[PDB]
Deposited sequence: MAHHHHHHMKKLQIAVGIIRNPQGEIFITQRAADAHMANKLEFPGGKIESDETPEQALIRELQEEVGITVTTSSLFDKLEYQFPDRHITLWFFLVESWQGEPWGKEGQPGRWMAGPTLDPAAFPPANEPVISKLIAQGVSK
């Protein structure tokens, strides 16, 4: 019965050519925000772990809040256009640069849909 609460920080890593580093059901890298840290602190750690980059500067792109009967999920999406390192599948997972204007929202989990829609415009 106790309703779980989960918060996640995810990185939209975009190079100057407008490509986004997408890992794989495609997803943005990122993970759980621990209870003692900001969304961006979790973003920095998770992106270091998952794709081996150190986030230099970020900006909040969107914040989505999903209510389910058993849980409440918050997804913080950060635009990352400055970083140190070269993204790769550091956790043994696929990763590649995809042109922003061509992302398929149906190829991502539907929780990402409002963010994918906005990326295609930009």
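Practice item. Report the unmodelled segments of the deposited sequence as residue ranges counted from 1. Key: Residues lacking C-alpha coordinates: 1 to 6, 31 to 39, 138 to 141.
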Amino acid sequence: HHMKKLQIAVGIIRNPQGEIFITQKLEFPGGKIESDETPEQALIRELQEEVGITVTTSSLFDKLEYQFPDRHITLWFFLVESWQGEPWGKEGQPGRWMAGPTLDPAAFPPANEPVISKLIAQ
From here on, numbers count along this sequence of modelled residues.
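Practice item. Give the stretch, out of 56 to 64 and 87 to 95, with the larger mean C-alpha temperature factor in the deposited entry. Key: Looking at the recorded C-alpha B-factors, 87 to 95 comes out higher on average.
Exercise for review: Look up the CA B-factors in the entry and say which stretch, 103 to 111 or 14 to 22, has the higher mean.
Suggested key: Per the PDB entry, the higher value belongs to 103 to 111.
Point to revise | Modelled-residue ranking by C-alpha temperature factor, third containing residue 120 | key: Answer is highest: the recorded C-alpha B-factor places it there.
Exercise for review: Taking the values exactly as deposited, rank residue 49 by C-alpha B-factor within its chain and report the matching third: lowest, middle or highest.
Suggested key: CA B-factor rank for residue 49: middle third.
Practice item. Please place residue 81 in the lowest, middle or highest third of its chain by C-alpha B factor as given in the entry. Key: As the PDB entry reports it, the C-alpha B-factor of residue 81 lands in the lowest third of its chain.
Practice item. Compare the C-alpha B factor of residue 40 with those of the other modelled residues in its chain, then answer lowest, middle or highest third. Key: Lowest third - that is where residue 40 ends up once the chain's C-alpha B-factors are sorted.
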